[PDB]
Amino acid sequence: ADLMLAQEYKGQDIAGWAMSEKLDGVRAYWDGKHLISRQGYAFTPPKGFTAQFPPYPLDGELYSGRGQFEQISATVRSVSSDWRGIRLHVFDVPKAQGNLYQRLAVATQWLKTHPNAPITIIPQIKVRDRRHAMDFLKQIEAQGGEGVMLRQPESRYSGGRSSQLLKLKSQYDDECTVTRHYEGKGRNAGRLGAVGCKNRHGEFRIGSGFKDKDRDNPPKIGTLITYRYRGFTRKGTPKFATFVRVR
DNA sequence: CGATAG
DNA sequence: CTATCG
Ligand SMILES: *P(=O)(O)OC[C@H]1O[C@@H](n2cnc3c(N)ncnc32)[C@H](O)[C@@H]1O
């Protein structure tokens with residue numbers, strides 16, 4: 001119903017937090033009877049897939065292995081497919097009592113007595129400091145992983161955006177709406193130095209990633225563009241914002 | 001003054 | 001080498 005949503009990591013201290021690998025699957029909320037997607041609609045898996053799920057809710061990601069998102073998404077969006085290989089990788093037991101580790105223990109005992117259920121408890125590792133998190137992320141991207149998830153253990157499960165569940169990657173990518181053009185200095189005078197962009201993060205400039213043709217023929221105001229970035233600024237806006245392509 | 005993309 | 005942002 002009310003799905004706990006993750007923010008992006010900005011620089012908060014995470015000493016004592018619980019980190020895990022960020023899985024590139026499909027979000028699924030188990031309400032004790034149905035698998036509910038982020039859009040609020042129920043999935044339609046084969047009968048017997050959820051037959052050995054617990055009668056209480058579970059929040060997790062429908063996942064199989066690395067680099068398989070397209071295969072997963074295609075499999076779950078159908079009503080004539082095989083879900084073998086797809087499991088619900090659980091990252092919290094929404095309605096249980098205690099800290100994160102005590103809530104997950106509830107689902108762990110269910111797996112003990114239901115070993116053929118297609119469920120997996122996501123390992124949660126204790127975080128020392130920011131350097132440790134970057135280290136864990138560093139080796140995850142090496143194995144082909146996508147990033148790291150950081151969770152405040154003592155926190156509870158709440159719906160909506162939360163500062164206790166943060167995404168951590170080395171290179172993010174998003175989209176924004178071009179709002180304004182800014183003339184460049186020196187050898188970019190009379191043409192584009194940076195564009196103004198707008199999205200859920202507010203307004204900010206993008207000055208890098210532009211060819212010379214892009215600077216002579218910049219993207220129209222109101223156009224949706226894509227851009228990479230790593231980390232955020234003290235103002236709370238994308239850092240190292242690099243233009244990629246249009247649309 | 002430093003790091004990045006062109 | 002030259003520009004953007006950090
Ligand atoms: P990315 O921008 O793809 O967003 C990640 C979303 O997936 C959920 N998720 C995947 N894997 C995990 C783990 N291990 N822990 C917590 N959450 C996870 C996030 O909740 C985001 O919805």
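We name chains A, B, ... by the order of the sequence lines, and we start the count at 1 in each one. Any value given below was found using the heavy atoms of this structure, including those in side chains, with hydrogens, waters and symmetry copies removed.
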Checklist entry - For C:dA3, does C1'-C2'-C3'-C4' say north (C3'-endo side) or south (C2'-endo side)? => result north
Checklist entry - How would you list all residue pairs meeting salt bridge (charged side-chain N to carboxylate O under 4.0 Å, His left out) that involve residues 232-244 of chain A, not counting sequence neighbours? => result none
Item to check | A:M149 side chain reached by A:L23 side chain, heavy atoms, under 4.5 Å | outcome: no
Checklist entry - Are the ring centres of A:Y172 and A:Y229 closer than 6.0 Å? => result yes
Next on the checklist: I need the full list of salt bridge (charged side-chain N to carboxylate O under 4.0 Å, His left out) pairs touching residues 214-228 of chain A, with sequence neighbours left out, sorted by first then second residue.
Outcome noted: A:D173-A:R228, A:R191-A:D216
Item to check | Which residues share a salt bridge (charged side-chain N to carboxylate O under 4.0 Å, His left out) with A:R77, sequence neighbours left out | outcome: none
Checklist outcome for this item: Atom CG of A:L192 and atom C1' of B:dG6 are separated, to the nearest Å, by 14 Å
Next on the checklist: If I take atom NZ in residue A:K211 and atom P in nucleotide B:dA5, what distance separates them, rounded to the nearest angstrom?
Outcome noted: 12 Å
Checklist entry - What are the two closest non-hydrogen atoms of A:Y227 and A:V244, and how far apart are they? => result CA-CG2, 3.7 Å
Below 3.5 Å between N/O atoms, which protein atoms pair up with nucleotides 1-4 of chain B? Just atom names and distances, please.
none

Checklist entry - Quick one: do the A:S170 and A:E141 side chains pair a donor with an acceptor below 3.5 Å? => result yes
Next on the checklist: Does the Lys NZ or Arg CZ of A:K10 fall within the cation-pi geometry relative to A:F232 - under 6.0 Å from the ring centre and within 45° of the axis?
Outcome noted: yes
Item to check | Involving DNA chain B, stems made of at least three consecutive Watson-Crick or G-U pairs, both distances under 3.5 Å | outcome: B:3-6 with C:1-4
Checklist entry - Short question: side chain of A:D13, backbone of A:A15 - any donor-acceptor pair under 3.5 Å? => result no
Checklist outcome for this item: Tested for side chain to side chain donor-acceptor pair (under 3.5 Å) against A:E203, the lone hit among A:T179, A:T177, A:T237 is A:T179
Checklist entry - On DNA chain C, which is the earliest and which the latest nucleotide, 5' to 3', with an atom closer than 4.0 Å to a heavy atom of chain A? => result C:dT2 to C:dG6
